[PDB]
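K.L.:
After the structure tokens below, expect a handful of questions from me.
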Amino acid sequence: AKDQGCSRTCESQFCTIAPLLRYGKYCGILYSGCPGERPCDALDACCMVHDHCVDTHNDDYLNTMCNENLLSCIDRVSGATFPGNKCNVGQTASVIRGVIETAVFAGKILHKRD
Ligand SMILES: CCCCCCCC(=O)O
Ligand SMILES: [Ca+2]
């Protein structure tokens, strides 16, 4: 279904462990918000856009637009975070940023071949 297997809660788990990170309703691998769910802060909103971008490009998590847009978004994150956020915004963003940089390169390499 569409409204099953998704988050409606602002999480802040494994803040610095990339494969297990869950932040807001959207930030994390194979972790996303239910349709219509407002993101929890600016960083969560960046992830919301990214998750849908991948979804609408044949689940291509190496789509370079999706990933480059995420980096742009991450770099411009500001304002209040959600109450009860056990993570550090800047720290978590840097962890996401590191992984996405690698995704951008991986995407570029595989598309320079085709
Ligand atoms: C730190 C792992 C990277 C998480 C995937 C990118 C953010 C998202 O849109 O969920
Ligand atoms: Ca996600």
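Easy rule for this one: first residue shown is 1, then count along the chain.
Using the three backbone atoms N, Cα and C, a Cβ is placed for every residue, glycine included.
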K.L.:
Which residue in the list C10, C15, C27, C34 does Swiss-Prot annotate as forming a disulfide bond with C6?
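P.N.:
Swiss-Prot says the disulfide from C6 goes to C34.
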K.L.:
Looking at the Ca(2+) binding annotation from Swiss-Prot, with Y26, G28, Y31 already listed, which candidate in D3, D51 is the matching residue?
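P.N.:
Same Ca(2+) site in Swiss-Prot: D51.
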K.L.:
Could you tell me which of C46, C47, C66 is bonded to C53 by a disulfide, according to Swiss-Prot?
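P.N.:
Checking Swiss-Prot, the candidate bonded to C53 through a disulfide is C66.
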K.L.:
Of the candidates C27, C40, which does Swiss-Prot name as forming a disulfide with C47?
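P.N.:
Between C47 and the options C27, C40, Swiss-Prot records the bond with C27.
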K.L.:
Of the listed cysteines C40, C46, which one does Swiss-Prot record as disulfide-linked to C73?
P.N.:
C46
K.L.:
Let me make sure I read this right: Swiss-Prot says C40 forms a disulphide bond with another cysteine. Which one, out of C10, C15?
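P.N.:
Its disulfide partner, as Swiss-Prot records it, is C10.
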K.L.:
Measuring Cα to Cα, how many angstrom lie between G28 (Ca(2+) binding site) and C47 (disulfide bond)?
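P.N.:
About 8 Å separate the Cα atoms of these two residues.
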K.L.:
I'd like the number of other C-beta atoms within 10 A of the C-beta of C10 (disulfide bond), please.
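P.N.:
I get 22 for this one.
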K.L.:
What disulfide-bonded residues in the list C15, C40, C66 lie within 10 angstroms of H50 (active site), counting C-alpha atoms?
P.N.:
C66
K.L.:
Show, in sequence order, which residues other than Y26, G28, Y31, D51 on the same chain lie with their Cβ within 8 Å of the centre of the Cβ atoms of the Ca(2+) site.
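P.N.:
Nearby residues not in the site list: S7, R22, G24, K25, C27, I29, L30, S32, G33, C47, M48.
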